[PDB]
Amino acid sequence: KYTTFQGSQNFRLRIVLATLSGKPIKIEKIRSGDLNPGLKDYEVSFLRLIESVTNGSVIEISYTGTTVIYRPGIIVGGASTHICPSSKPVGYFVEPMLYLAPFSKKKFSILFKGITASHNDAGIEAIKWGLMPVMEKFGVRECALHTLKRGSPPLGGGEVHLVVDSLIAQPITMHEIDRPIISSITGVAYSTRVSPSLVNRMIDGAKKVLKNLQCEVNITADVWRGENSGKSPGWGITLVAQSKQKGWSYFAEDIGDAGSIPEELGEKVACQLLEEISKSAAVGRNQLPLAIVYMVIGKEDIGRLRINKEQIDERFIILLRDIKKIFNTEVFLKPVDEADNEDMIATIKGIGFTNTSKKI
Amino acid sequence: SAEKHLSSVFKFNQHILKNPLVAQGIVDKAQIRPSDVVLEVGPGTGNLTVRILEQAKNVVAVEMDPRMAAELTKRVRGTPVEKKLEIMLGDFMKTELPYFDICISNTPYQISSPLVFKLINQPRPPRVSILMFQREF
Amino acid sequence: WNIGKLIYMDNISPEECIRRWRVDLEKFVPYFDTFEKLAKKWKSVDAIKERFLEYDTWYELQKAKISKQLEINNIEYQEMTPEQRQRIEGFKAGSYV
Amino acid sequence: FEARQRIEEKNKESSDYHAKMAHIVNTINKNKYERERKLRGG
Amino acid sequence: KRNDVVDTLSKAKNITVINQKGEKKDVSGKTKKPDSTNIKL
Amino acid sequence: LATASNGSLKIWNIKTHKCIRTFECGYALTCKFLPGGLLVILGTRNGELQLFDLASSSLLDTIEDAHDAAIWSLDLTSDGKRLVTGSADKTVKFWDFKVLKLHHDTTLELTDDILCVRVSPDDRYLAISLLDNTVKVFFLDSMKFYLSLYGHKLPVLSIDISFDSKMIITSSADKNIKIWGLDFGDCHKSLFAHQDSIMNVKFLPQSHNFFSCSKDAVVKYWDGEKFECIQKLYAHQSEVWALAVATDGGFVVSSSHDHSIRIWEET
Amino acid sequence: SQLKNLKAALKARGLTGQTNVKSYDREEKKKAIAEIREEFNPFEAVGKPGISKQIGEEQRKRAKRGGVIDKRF
Amino acid sequence: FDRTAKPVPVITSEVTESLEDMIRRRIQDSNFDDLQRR
């Protein structure tokens, strides 16, 4: 009948996993006890986005809005424009499309409009330099997120264009049982509608923490001014630690609020980046959900990914349990033979998923 | 009626480039930071200057021919980048040049060796300079 | 307490799982400690210094890749328990079921 | 009204087809974010 | 056509001329050239 | 109303228009009443700080070595206990009022000469104008650098901060008034207000409307929300050097190069 | 006729003449440039009804399996 | 169905705006294609 879920937890993942698996799902008891029960505006907008890129899907929203029945169709893609409500930035909507774009009948060319940054959702640079590189490791050769206009909160006004030219049968099998060596640190510090000095000052704060390291540190100054700088002033910084040997990356990001010192923010992201590296084995915690899902939908082969003991947190477990409900696939974890660390190897067998929407 | 002074300095008596690829390359390899004031030797008509003017805080174009100086002026008048160009006219070996971070030059080959050492001895000299010399020199 | 078993026991909650062996994906940014604690902890870059720095035919090359993958699958399954093996790959061909 | 709309549609597809055909004949016989640098100035 | 060139140079303001001595003078022929006290008082 | 001039400090009754007291001082540049209305403090061009008492009708204390150069600016916190003085020696010095004498507390050394120093009404921000055409905002509590304002072709001559500490106005010798937001330092609007250098800009209390005076002898009334000039006031014959706004906002007092003190009252 | 009215209207708003005259904020002037433009094009003095056909065309200009069936109240 | 001939253009407000912009640009540059005495 229907695979039933509870609450608003992992709303995007459960819908995305249903779309890839093709199995209808039911999400019930969405904020039942809250004063404003049911789906939020941005959740309803996300469902509309799912339909613009699929065909033949049926989405029922209950009279109270507290229950959703989703019967997925085929992923078709194509060119479209999506208006993101101000409750969430564009990255809230761009991120799930990364899971569906390579397995589509037609190339995804989606134009997203709205706020381009927030404190809780993926930024433009997190996607461009933090997630999309993981996709290329899985065989998505051509993927691009062009930023046409930057829009900072609360008024937004930004525009990003997601273009995924690569249509593939399925992700390649992953074999990463080592700890990548970080070759250099790169990042982007950006600002809109304000003086360049803020961008320079953040770079000084970040470089202060990272100068002790033995690798090169080169942070870009992304100063936006004029018509494309959006409607509200804002600034932020994103740092990426790169491993050129196998094209791996770890990143942290944050944006500045009113009354915040640019130098302090640069130190926060630099400190968080070192926290992320210490907690990571082969991918960061913010990249781990994407890597696991792609390995689940690979060929029917045992792919291996090294994970740190710290990465096995509350979020990791719920992701695995949700995958088992949809795909029935169990992740097997084995200790590494080394004694320097307590890492583990997460071995997942692919379900033999294939891109059947693409005409041959 | 400025002929009195300009004729006392100049008499109002060259091989022009015809390949856009090299001109774009010279600017590209310069890697002009947005906060860099650039000194441009041999601006010519202004093909290279206009590209530099787009990316630079300010551009000081040093020229020796009064006729070509007007050509540069007419190409930049009434434009957003007019306020960021300072055209200088006359022999520039003798004078004390301003401070510049990058030097892009289609130098006259006659003044190649004086120019190479002027930049070297300039107080607080530029960090990078893209100069066009002959193959032997 | 093997965490692998604790993950797939739906009766236990994820919070109850972590502590014995030792919130939501809509928030993309992961949890971090406070800046003052983090700033003190990364006063020195120690504890992360380790992290920082022929086949004759094209046909045979592809066949080698397939065989190497098939060898990897066999090695992992052998390490796994026979009950663990059945739960991951399922019932392999040749099984009388 | 529909007459004008049809001409624009048929004009669009023909241009795309010739663009697609030209690419194919070309094939038989670097930076993806460079443009972002220009939009920054405005 | 030289007179047309001369008028164009004089028309523009961002032009300076070098005499044989190396001095910096404007087109008209005069030597081209804030203090806290002056601006406040 | 206390009017500081070169060589004398005179004090007037706004009602009778008759000078009540006169004090001999140096080349006074900035004067401000202390809370209670019973004391006055001057910043002379010689770097001296002079404090006067109205009831005693005499000078209480003089600090000869307050600054090495002209004390161009001087401001008081809302509590009235702390004094901030800017000088051409490129330093800001904080002073305390202890029972009355002035004690030096701290020195903030900046890169260029200082023309104006203003303290926010909530005592959270400190805006400082520099001779390098920039205005630096600090956190008064911690003295941590917060923002730098760029956009003036010529040095900023006056600064004022809105009553709710959201907007900050800057007037410069380039004849432009720029209204900035303290949240991020973005320039809301630049107004070509006057035909000459603008000497003083003040917010009307409890409102975002502000006044401006310039060397062209004009005092203009502006709307801080619509960015429009409400009223042009042509009364002075020469430069208007100083301007002051009543705490109530009922009237505005302007003094000019023509030795005339004119009171503008709201009708 | 119309030229006299156009010249008079521009002058009243300060859109014509010398600016350095010895012995209106720019934004308000741009508003005048707008209002002057629609007023002095009678075809879009006022034209007779029916000379233009804008209203019809814009109406025509305004004028996939499955979908979201939102039953929320 | 197909139509044999080009449809008669409709002069909407945008088409007017583009036309007057070209006219104003031509006047501003004083670029007139007009006959002159020889």
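Conventions adopted
- Residues numbered from 1 in each chain as written, not as in the entry; some residues may be left out.
- Chains lettered and ligands numbered in written order.
- Part of a larger assembly, values for the part shown.
- Heavy atoms only, no water.
- Helix = DSSP H or I, 4+ residues; strand = E, 2+ residues; numbered from the N terminus.
- Rg over C-alpha atoms; globule rule 2.2 N^0.38 Å.
- Buried < 20%, exposed > 50% of the residue type's maximum accessible area, 1.4 Å probe, protein only.
- Areas by Shrake-Rupley, 256 points an atom, 1.4 Å probe, with all protein chains shown as cover.
- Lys, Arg positive; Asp, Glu negative; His and termini not counted.
- Charge placed at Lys NZ, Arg CZ, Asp CG, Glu CD.
- Core = buried A, V, L, I, M, F, W, Y, C linked by side-chain atoms within 4.5 Å.
- Contact = heavy atoms within 4.5 Å.
- Salt bridge = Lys/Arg side-chain N within 4 Å of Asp/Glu carboxyl O.
- Pairing = 2+ DSSP bridges.
- Axes fitted to C-alpha atoms, helices over the stretch in contact; angles between N-to-C directions.
- Disulfide = S-S within 2.5 Å.
- Buried area = accessible area lost by both parts, 1.4 Å probe.
- Polar contact = N/O pair within 3.5 Å; in protein donor to acceptor, adjacent residues only side chain to side chain.
- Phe/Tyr/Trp six-rings, centres within 6.5 Å; stacked < 30°, edge-to-face > 60°.
- Patch = residues over 30% accessible without salt bridge, like charges linked within 9 Å, V, L, I, M, F, W, Y side chains within 5 Å.
- Arc of directions from axis to C-beta.

Per the PDB entry, chain G is named Nucleolar complex protein 14, and its organism is Saccharomyces cerevisiae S288C. Per the PDB record, the entry is named "SSU processome maturation and disassembly, State I".

In the annotation of the PDB entry, chain B is listed under the name Dimethyladenosine transferase and assigned to Saccharomyces cerevisiae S288C.

(A) Structural view of the overall build of chain G. Helix and strand content of chain G: 3 helices and 1 strand. Secondary structure elements in chain G, listed N-terminal to C-terminal, are α-α-α-β. In terms of overall size, chain G is more extended than a compact globule, its C-alpha atoms giving a radius of gyration of 23 Å where 73 residues would be expected to give roughly 11 Å. Seen along its three principal axes, the alpha-carbon backbone of chain G occupies a region of about 75 × 35 × 25 Å. When burial is assessed residue by residue, chain G has 11% of its 73 residues classed as buried. Surface exposure of chain G reaches about 6,900 Å², of which carbon and sulfur atoms provide 54%. Positive and negative side-chain charges of chain G, numbering 19 and 10 respectively, have mean locations separated by a distance of 4 Å.

(B) View of the nonpolar core. The biggest cluster of nonpolar side chains holds 97 residues, and the ones touching the most others in it are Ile15, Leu20, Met97, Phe112, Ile292, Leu305 and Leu333 of chain A. The contact partners of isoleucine 292 of chain A, leaving out residues within four places of it in the chain, are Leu305, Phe316, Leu319, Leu320, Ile323 and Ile348 of chain A. In this structure, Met202, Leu213 and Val269 of chain A together with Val45 of chain C belong to the second largest nonpolar core, which totals 36 residues.

(C) Spatial organisation of the side chain of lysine 215 of chain F. Within the fold, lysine 215 of chain F resides in the loop between β21 (210-214) and β22 (218-223). Although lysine 215 of chain F is buried, it forms no salt bridge, and the closest oppositely charged side chain is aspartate 196 of chain F at an N-O distance of 5.6 Å. Not counting the four nearest positions on each side in its chain, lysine 215 of chain F is found in contact with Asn38 and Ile39 of chain E together with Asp196, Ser197, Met199, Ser238, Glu239, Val240 and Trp241 of chain F.

(D) Highlighting unusual backbone geometry. In this model, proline 153 of chain A is joined to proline 154 of chain A through a cis peptide bond whose omega is 0°. Its place among the elements puts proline 154 of chain A in the loop between β9 (144-149) and β10 (158-164). Despite not being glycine, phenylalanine 12 of chain B has its phi angle at roughly 55°, a positive value. Along the chain, the position of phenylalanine 12 of chain B falls in the loop between α1 (3-9) and α2 (20-30). Among the residues examined, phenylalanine 12 of chain B registers a relative accessible area of 11% and is labelled buried. You will see that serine 30 of chain H, though not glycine, has its phi angle at about 55°, which is positive. Assignment of secondary structure puts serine 30 of chain H in the segment after α1 (13-28). Classification of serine 30 of chain H as exposed rests on a relative accessible area of 52%.

(E) Representation of the sheet that holds strand β12 (residues 114-119) of chain F in the model. All names here are of chain F. Spatially, 4 strands are ordered β12-β13-β14-β15 in an open sheet, and the strand pairing comes out antiparallel. In this open sheet, the two edge strands, each paired with only one partner strand, are β12 and β15 (145-149). Across the sheet, the mean angle separating the axes of adjacent strands is 20° when strand polarity is ignored. Looking at chain direction, strand β14 (residues 135-139) and β15 are connected through 4 bridges and run antiparallel.

(F) Spotlight on the state of the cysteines. Tallying each qualifying case throughout the model produces 0 disulfides over all chains. There is no disulfide at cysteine 116 of chain F, and the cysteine sulfur nearest it, in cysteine 213 of chain F, is 12 Å away.

(G) Inspection of the interface of chain A and chain D at higher detail. The interface of chain A with chain D comprises 18 residues on the first partner and 8 residues on the second. For the pair chain A and chain D, the summed buried surface comes to about 980 Å²; carbon and sulfur atoms form 46% of the total. Summed over the shared surface of chain A and chain D, the number is 2 salt bridges. Linking chain A with chain D are 8 residue pairs in polar contact, by the criterion used here. Elements supplying a minimum of two residues to the side of chain A that touches chain D: α4 (124-137), β9 and β13 (216-224) of chain A. Examining the composition of the side of chain A that touches chain D, we find that 5 residues originate from one element, β9 of chain A, more than from any other.

(H) Molecular detail of the interface of chain A and chain C. Listed per partner, the contact involves 68 residues of chain A and 48 residues of chain C. Here chain A and chain C share an interface that buries about 5,600 Å² over both sides, 60% of which is from carbon and sulfur atoms. Of all residues in chain A, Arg315, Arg321 and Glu330 of chain A give up the largest surface area on contact with chain C, accounting jointly for 15% of the area buried on that side. Viewed at the interface, chain C and chain A are joined by 7 salt bridges.

(I) How the structure looks around helix α7 (residues 288-296) of chain A. For α7 of chain A, the tally of buried residues reaches 9 of 9 residues, placing the bulk of the element in the interior. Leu288, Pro289, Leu290, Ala291, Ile292, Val293, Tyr294, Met295 and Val296 of chain A are the residues of α7 of chain A that are buried.

(J) Examining the pairing of strand β20 (residues 198-203) of chain F more closely. Residues and elements named next belong to chain F. For β20, the tally of buried residues reaches 5 of 6 residues, placing the bulk of the element in the interior. Sheet topology places β20 next to β21; 5 bridges connect them, and they run antiparallel. Along β21, the bridge assignment pairs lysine 202 with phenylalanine 211. Where β20 hands over to β21, the hairpin turn is made up of 6 residues, of which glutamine 206 adopts a positive phi near 60°.

(K) Main features of the packing of aromatic side chains. Residue and element names in this part refer to chain F. Enumeration over the complete set of coordinates arrives at 19 aromatic pairs over all chains. Their ring planes at 35° and their centres at 5.9 Å tell us that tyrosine 125 and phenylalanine 139 sit as a pair that is tilted. With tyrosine 125 in strand β13 (residues 125-130) and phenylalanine 139 in strand β14, this residue pair connects regions lying 14 residues apart in the sequence. Note on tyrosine 125: relative accessible area 9%, which makes it buried. Aromatic side chains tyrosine 125 and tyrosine 146 sit 6.1 Å apart centroid to centroid with 20° between the ring planes, which places their arrangement in the stacked category.

(L) Molecular detail of the sheet that holds strand β2 (residues 58-63) of chain B. Ordered by their spatial adjacency, 7 strands build an open sheet running β5(B)-β4(B)-β1(B)-β2(B)-β3(B)-β1(E)-β2(E), and the pairing between neighbours is mixed. The open sheet is flanked by β5 (128-131) of chain B together with β2 (24-25) of chain E, the only strands paired with a single partner. Judged from the 4 bridges that link them, strand β1 (residues 37-41) of chain B and strand β4 (residues 102-105) of chain B form a sheet pairing that is parallel. Within β4 of chain B, the residue paired with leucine 39 of chain B across the bridge is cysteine 103 of chain B.

(M) Spatial organisation of a positive patch on the surface. Side chains of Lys74, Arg77 and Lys83 of chain B, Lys11 and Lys13 of chain E together with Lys153 of chain F sit close together on the surface and give a patch of like positive charge. Tracing the sequence through the fold places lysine 11 of chain E in helix α1 (residues 2-11).

(N) Focus on helix α4 (residues 66-76) of chain B. Among the residues making up α4 of chain B, those that are buried are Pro66, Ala69, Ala70, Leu72, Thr73 and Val76 of chain B. Each buried residue of α4 of chain B sits inside an arc of 160° when the element is viewed along its axis, so together they form one side. Residues of α4 of chain B that are buried sit in contact with α3 (47-55), β2 and β3 (85-89) of chain B together with α1 and β1 (15-18) of chain E. Immediately beyond the C-terminal end of α4 of chain B, within one or two residues, lies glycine 78 of chain B, with a positive phi of roughly 60°.

(O) Broad picture of the environment of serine 13 of chain C. With respect to the helices, strands and loops of the structure, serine 13 of chain C is situated in the loop between α1 (3-7) and α2 (14-21). Separated by 11 residues in sequence, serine 13 of chain C and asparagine 2 of chain C have C-alpha atoms that sit 15 Å apart.

(P) Spotlight on a nonpolar patch on the surface. Residues and elements named next belong to chain H. A surface patch of nonpolar side chains, about 470 Å² in accessible area, is lined by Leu19, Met22, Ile23, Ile27 and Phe32. For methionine 22, the location among the structural elements is in helix α1. A relative accessible area of 41% places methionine 22 in the partly exposed class.

(Q) Geometry of the environment of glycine 36 of chain F. Residue and element names in this part refer to chain F. Considering the arrangement of structural elements, one finds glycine 36 in the loop between β4 (28-33) and β5 (39-44). Overall, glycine 36 belongs to the exposed group, its relative accessible area being 68%. For the pair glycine 36 and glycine 80, spaced 44 residues apart in the sequence, the C-alpha separation amounts to 9.6 Å.

(R) Broad picture of a negative patch on the surface. Taken together, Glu228 of chain F together with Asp25, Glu27 and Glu28 of chain G make up a surface patch of like negative charges. Its location among the elements puts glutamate 228 of chain F in strand β23 (residues 228-234). Owing to a relative accessible area of 45%, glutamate 228 of chain F belongs among the partly exposed residues under this scheme.

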